[PDB]
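By convention in this document, chain letters (A, B, ...) are assigned in the order of the sequence lines, proteins followed by strands, and residues within each chain are numbered from 1. When reading the values below, keep in mind they use all heavy atoms of this one structure, side chains included, and skip hydrogens, waters and symmetry mates.
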Amino acid sequence: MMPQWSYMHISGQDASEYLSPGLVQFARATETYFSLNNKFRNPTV
Amino acid sequence: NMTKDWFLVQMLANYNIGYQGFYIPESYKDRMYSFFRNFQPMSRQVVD
Amino acid sequence: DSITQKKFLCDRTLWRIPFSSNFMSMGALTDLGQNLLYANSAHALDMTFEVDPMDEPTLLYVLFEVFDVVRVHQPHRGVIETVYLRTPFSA
Amino acid sequence: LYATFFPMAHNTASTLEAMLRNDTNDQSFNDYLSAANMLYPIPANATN
């Protein structure tokens with residue numbers, strides 16, 4: 001079941017790992033005035 | 001009777017809330033002299 | 001002469017039985033949920049509830065906890081593609 | 001229908017957009033309750 005799990009982020013890496021480095025950079029930078037945290041899920045296994 | 005503009009401005013000015021939804025601000029930031037804590041909307045009916 | 005009666009009330013909550021080897025929360029994707037025994041083969045499930053009788057029709061509301069996810073893709077202006085996945089109990 | 005837009009700098013909005021149109025940066029969500037809901041009848045006076 002690994003395939004669907006990873007793709008749907010039920011398992012696998014966390015956003016800081018699967019999001020492009022650029023986006024992660026931009027995310028942190030604007031966290032204070034425009035949040036993107038709740039838009040990407042981080043599995044917990 | 002408060003406007004959408006004004007409500008938006010006060011929520012932003014006090015809690016930075018507004019561009020990504022409206023919700024009750026954390027109580028630690030909604031102090032005694034803050035807007036939300038004191039905002040009291042009311043309505044009533046009277047004979048026409 | 002008296003008789004003692006004991007009872008309890010527990011409103012606005014849901015009875016929970018986590019599918020975890022020790023009933024503890026150690027992650028959304030539970031340890032038993034990852035067991036090969038429940039992955040490489042199917043199984044039937046039987047549940048039996050005993051409840052106090054009520055003189056009126058009632059309903060047993062069972063919540064089967066699963067993953068109800070969606071991945072959204074916006075490749076071009078004015079385009080939204082979604083992939084929905086719910087498991088177990090897939091649509 | 002009302003919608004409020006953060007007055008984001010256009011060169012910044014453009015960059016964010018390009019990044020978000022990447023399947024790699026697809027957004028994803030889950031329903032909080034996260035469950036299949038089932039209702040089963042319990043006739044009056046039934047116990048089992």
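With sequence neighbours left out, C/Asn22 forms a side-chain contact (heavy atoms from CB on, under 4.5 Å) with C/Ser20, C/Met24, C/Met26. For A/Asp14, the side-chain contact (heavy atoms from CB on, under 4.5 Å) partners at least two apart in sequence or on another chain are A/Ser16, A/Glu17, A/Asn42, A/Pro43.
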**Request:** Dump the intermediate steps for side-chain contact (heavy atoms from CB on, under 4.5 Å) on C/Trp15 and C/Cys10, then the final yes or no.
**Result:** CA-CA 9 Å; C/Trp15 288 137; C/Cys10 198; 4.1 Å; yes
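Remark: C/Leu37 CG is packed, more than 12 non-hydrogen atoms of other residues, nucleotides or ligands lying under 6.0 Å away. When the shell of 6.0 Å around CZ of C/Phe19 is examined, it contains more than 12 heavy atoms from other residues, nucleotides or ligands.
At a heavy-atom cut-off of under 4.5 Å, chain A is reached by C/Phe67, C/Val69, C/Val70, C/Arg71 from residues 43-71 of chain C, listed in order of number.
Among residue pairs with one or both ends in residues 82-91 of chain C, none qualify as salt bridge (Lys or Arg N to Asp or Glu O under 4.0 Å); sequence neighbours excluded.
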